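Okay, so here's just one chain, in C-alpha cells, the form deposited in one PDB entry.
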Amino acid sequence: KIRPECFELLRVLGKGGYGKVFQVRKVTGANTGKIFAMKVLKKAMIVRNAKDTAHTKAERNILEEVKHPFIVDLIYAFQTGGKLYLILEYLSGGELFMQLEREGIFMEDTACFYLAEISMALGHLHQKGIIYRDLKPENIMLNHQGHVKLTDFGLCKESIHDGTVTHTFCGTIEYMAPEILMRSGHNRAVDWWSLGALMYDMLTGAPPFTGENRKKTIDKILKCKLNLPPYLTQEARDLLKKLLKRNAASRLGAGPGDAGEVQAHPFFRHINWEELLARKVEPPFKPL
C-alpha cells in the first residue's frame, strides 16, 4: 500500500484552487530516492461539483490508460479521507513555452521535431477516443533528455478564472479551435487546428490570430483569415494552410487517417517515426 508518508517533499512545483504539486523522492523500498512530481488534490474542493468530480476521474482514467513516451506518466494513484494523490513523472526540462521565449522563432528543423513528437501523442490519444483541446506551449513540457510530454488532462491550473460556470476557457485561447469558441460541436479535429496554431507560433514568433485584447483575439480566431508570412518554407506554408482551416472536416488529420494523414505531409519528410517514438532522435534542446 502506497501512502503519502512514502514520499519526502522537496519543493512546491505549483498550486491552484484545487490543490498543489510537490517535487518528492521515495523514502524507502524500490527506487529509494527516485524523484517524482506529486499532485495533491483536496476532495472538498472537488466533491461538491459534479463537473469537477467527473473531470478529476477522467484525468486519472486517461493517465492510467495512456502508455506513451510523449505523454506524462502516472506511476501511482491513491487517496486519503480528504485528498487525492497522483504520483507522476517529474519533468525537469521545463515548458516548451520557456523555449519559444528564448528562441523567439524556432528553426524549421527544431519546430518539425517537436510538432512530430506531439503528433504521435495526439494520435495515441485520438485512437483511444480522447481529445486534447488544450494544446498550447505552457502545456507542453520536456523531460530531462528534452523530449515532449503533454500534460494538463485534469482540473484548471489557472489562478484567474473566466466566468463562474466553466474552466474550458481559463487559459490563453490563442491555440483553441474556432468551433470550440463557437460552441458548435467539435471532435478530434480541434487538436489538428491547435497543432497548426502552435506551429505558426513556433515559426513566426506569435500565434496566428492574436489581438490587443481577448475579445479581439476571439474575433480573429472566429474570422479565421490566415496570413502566411513569405519567409515560411513551401512545406510549412502548405501544412499551415491545411491545419488552420475553419471548416473542421477540411483539416488535415480530420480524415479517417487522423495523425497518419498529418505525419505523411512533406513538412515531416525527414522524420523517422520508428526512431522518433523510440526516442532515438536527438532533441534540439537539452535541459541538462
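Just count from 1 along the sequence shown to find any residue number. In this text, rigid core is short for the largest set of C-alphas that superpose within 1.5 Å between two forms.
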(message) Of the other PDB entries for this protein whose models extend past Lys241 on both sides, does at least a third leave it without coordinates?
(response) no
(message) Given the other compared entries that model the residues flanking it, would you say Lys57 is unmodelled in at least one third?
(response) yes
(message) On mean Cα temperature factor in this entry, is 276-284 or 7-15 the higher one?
(response) 276-284
(request) Name the higher of the two by mean Cα B-factor in the PDB entry, 84-92 versus 212-220. (result) 212-220
(message) For the CA B factor values reported in this entry, which option in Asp73, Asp191, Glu103, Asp109 has the top one?
(response) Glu103
(message) Sorting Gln99, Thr168, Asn187, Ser119 by Cα temperature factor from the record, which one lands on top?
(response) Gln99
(message) Split into thirds by Cα B-factor across the chain's modelled residues, where does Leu232 land: lowest, middle or highest?
(response) middle
(request) Place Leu195 in the lowest, middle or highest third of its chain's C-alpha B-factors, as listed in the PDB entry. (result) lowest
(request) Report the third (lowest, middle or highest) to which the CA temperature factor of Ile140 belongs, ranking only the modelled residues of the same chain. (result) middle
(message) Could you place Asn247 in the lowest, middle or highest third of its chain by Cα temperature factor, using the values in the record?
(response) highest
(message) Looking at the temperature factor on the CA atom of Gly123, which third of the chain's modelled residues does it land in?
(response) lowest
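Missing here is the form deposited in another entry; even so, the following discussion is about that form.
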(message) Which single residue of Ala177, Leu195, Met202, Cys112, after superposing the core, moves its CA by 2 Å or more between the shown form and the other one?
(response) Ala177
(request) Classify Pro266 as shifted (yes) or not shifted (no) between the shown form and the other one, where shifted means its C-alpha moves by 2 Å or more with the rigid core superposed. (result) no
(message) Would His186 count as moving between the shown form and the other one, using a Cα shift of 2 angstroms or more after superposing the core as the test?
(response) yes
(message) For a quick test of reading the superposition: does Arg279 move by 2 Å or more at the CA between the shown form and the other one, rigid core aligned?
(response) no
(message) Just to spell it out: taking the C-alpha atom of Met182 and the C-alpha atom of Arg251, is that distance smaller or larger in that other deposited form than in the structure shown here, given it changes by 3 Å or more?
(response) closer
(message) Distance change of 3 Å or more between the C-alpha atoms of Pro178 and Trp193 in that other deposited form: closer or farther compared with this structure?
(response) farther
